[PDB]
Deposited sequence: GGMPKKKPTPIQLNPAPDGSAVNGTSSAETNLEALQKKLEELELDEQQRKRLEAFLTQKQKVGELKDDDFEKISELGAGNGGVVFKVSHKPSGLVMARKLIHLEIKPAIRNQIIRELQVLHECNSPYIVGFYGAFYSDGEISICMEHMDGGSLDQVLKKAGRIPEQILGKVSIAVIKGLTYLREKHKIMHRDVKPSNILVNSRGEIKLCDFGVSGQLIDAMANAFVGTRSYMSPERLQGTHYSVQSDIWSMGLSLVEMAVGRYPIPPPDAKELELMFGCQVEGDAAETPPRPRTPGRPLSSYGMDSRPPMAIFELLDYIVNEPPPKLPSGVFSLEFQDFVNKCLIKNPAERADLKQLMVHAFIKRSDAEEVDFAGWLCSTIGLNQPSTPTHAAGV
């Protein structure tokens, strides 16, 4: 209650961030234990990414929330342990991490209720924007790099699934991470229960060797390329398709096999800055030890440039979706 606010003061916030974090924690106190009966459905905000997500209204509080339904057939002991492990999200309060309200099990589905973001996922944003301007991909990078270091220092956790559909954005210009691996039992449960069409998985994780947050950096770099150009890059673009996006399909196994055997993708030269190119090249190093780590990324030239550039992110977002 105020144990949450004490952990706010252990973070390096600015004036406008502490305003919003303190406003969200007070709204967390309006809601108690959540149940399926407490919610009124508004709209539908997603269909893939491991379960349907609804925009909903919590009747007792009036709050608007995002409700992720994850359908899984698991024995009741695992259900309760998944809900126990998800409670660490009450303590995950950061400007770069979407908020949590509560989790419960109903029917055959784990419901996760979390902060609503009217901007949606950058996956959804990308399909309206065509490609994302580089200036903004600089601001997105910072948000991701900061969210990963927050998780590793304040929680000792990795994201384990950094992709465009797990980065959400707000009309307030906030860029936050979501759907990270808090519950080890939920991690096990969702490997057996879903299938994938594409992959942002690091080659060392595909091969079963030891991995760290470096795998998430590889996923960030792969996501940045996919947002820079308007296409998933594992099958590198044709000599024609490049000349169809700037002017002057493989099955899941063939993708995973490509990520392990063939050189990583690169940003097409000439259309993007040199530093941004070097940035993704340092993220997509196959050997994790010689890949850039989190502190090197924060002092890379592309980030110090982008951090200083005052951009109207909130503005561009409301212009490109409405």
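Unmodelled regions (deposited sequence positions with no C-alpha coordinates, counted from 1) are 1 to 31, 280 to 308, 383 to 395.
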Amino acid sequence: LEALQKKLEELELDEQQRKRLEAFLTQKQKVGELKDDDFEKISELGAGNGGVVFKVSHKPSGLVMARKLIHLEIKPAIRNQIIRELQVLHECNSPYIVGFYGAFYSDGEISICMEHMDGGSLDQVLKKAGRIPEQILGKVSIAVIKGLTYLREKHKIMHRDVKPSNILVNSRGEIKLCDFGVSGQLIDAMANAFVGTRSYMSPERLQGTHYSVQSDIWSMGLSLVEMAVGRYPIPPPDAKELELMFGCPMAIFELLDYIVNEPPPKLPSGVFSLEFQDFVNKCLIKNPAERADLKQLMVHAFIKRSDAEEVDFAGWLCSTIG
From here on, numbers count along this sequence of modelled residues.
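Taking the PDB entry as given, 208 to 216 carries the higher mean Cα B factor of the two stretches 183 to 191 and 208 to 216.
Stretch comparison (105 to 113 versus 228 to 236) by mean CA B-factor in the PDB entry places 228 to 236 on top.
Across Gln87, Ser199, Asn166, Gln135, the entry's maximum B-factor at the CA atom is seen for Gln135. Note on the listed residues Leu148, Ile175, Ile78, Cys248: the highest Cα temperature factor in the record is that of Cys248. Among all modelled residues in its chain, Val31 ranks in the middle third by Cα B-factor. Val162: CA B factor in the lowest third of modelled residues in this chain (values from the PDB entry). Per-chain ranking of the deposited C-alpha B factor places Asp257 in the lowest third. Per the PDB record, residue ranking by Cα B-factor puts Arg291 in the highest third of the chain. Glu241: CA B factor in the highest third of modelled residues in this chain (values from the PDB entry).
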